[PDB]
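Take a look at this single chain in structure tokens; it is the form deposited in one PDB entry.
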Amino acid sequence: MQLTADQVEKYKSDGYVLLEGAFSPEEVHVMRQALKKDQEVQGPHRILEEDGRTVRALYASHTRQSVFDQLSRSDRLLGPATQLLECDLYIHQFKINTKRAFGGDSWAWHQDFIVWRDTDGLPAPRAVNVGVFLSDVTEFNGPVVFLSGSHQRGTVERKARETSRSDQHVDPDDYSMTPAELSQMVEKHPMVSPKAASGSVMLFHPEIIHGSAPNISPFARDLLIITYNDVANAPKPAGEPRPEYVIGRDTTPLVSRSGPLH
């Protein structure tokens, strides 16, 4: 499981690459059933929307549901991630952002790396985000939007907002881009939203500027994201580290697994 040379160049130049149809419909069935089961588990890893009606984000489902553990070790994910980072990898973060039909809320414009750098002592952006679509992603159900190529700017420096939106994780709003920055950046780094059927995979750079809008549609948008990190790039927090459900601590190199998810 490998990227084509064009796909590697696309990731380098644009900051994201889309692999359609990586997981088959029956594997999507098994994953969605495990998502529905996992959403019922109470705990601090389960983040509700502000309006309280539905789950907004779930952390560390791979520690509770076997299929998500299998997914996280799949060579269909680790092959591409290893090709891009050229190192041994471990799971820095595992989340599913479950954006409900009929009002699932937005995700603020941000970069990921600065959050992990400043909150957790992540030294360098030697990591890759690997999205797995558990819903068809369309123009209508709040797809991730990227500022194309904006990871080439590196980290856009800022201080965290005075008050945190959530005490269960860092909501990107805490490190949100300002309007002035977005207006300047979008002219050089235009908006693009990769669209594809469920089971598709989207790899994207931790310094790409990205965000997503509220989902007004009748269709849910369940988006799984695994952040793989270089084992030699473990966080060095100055204080007590955040919980393991949000920030991984086991830097044992992952060994990939071939075959279907079951």
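Position 1 is the first residue in the sequence shown; the rest follow in order. Superpose the two forms; the largest set of C-alphas matching within 1.5 Å is the rigid core.
There is also a form deposited in another entry; it is not shown, and the following applies to it.
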property	result
Entry of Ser106, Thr138, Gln83, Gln184 that shows, once the rigid core is matched between this form and the one not shown, a C-alpha shift of 2 Å or more	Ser106
Cα-Cα shift for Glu27 and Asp105, closer or farther in the other form, minimum 3 Å	farther
Relative Cα spacing, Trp107 and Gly43, in the other form - shift of 3 Å or more	farther
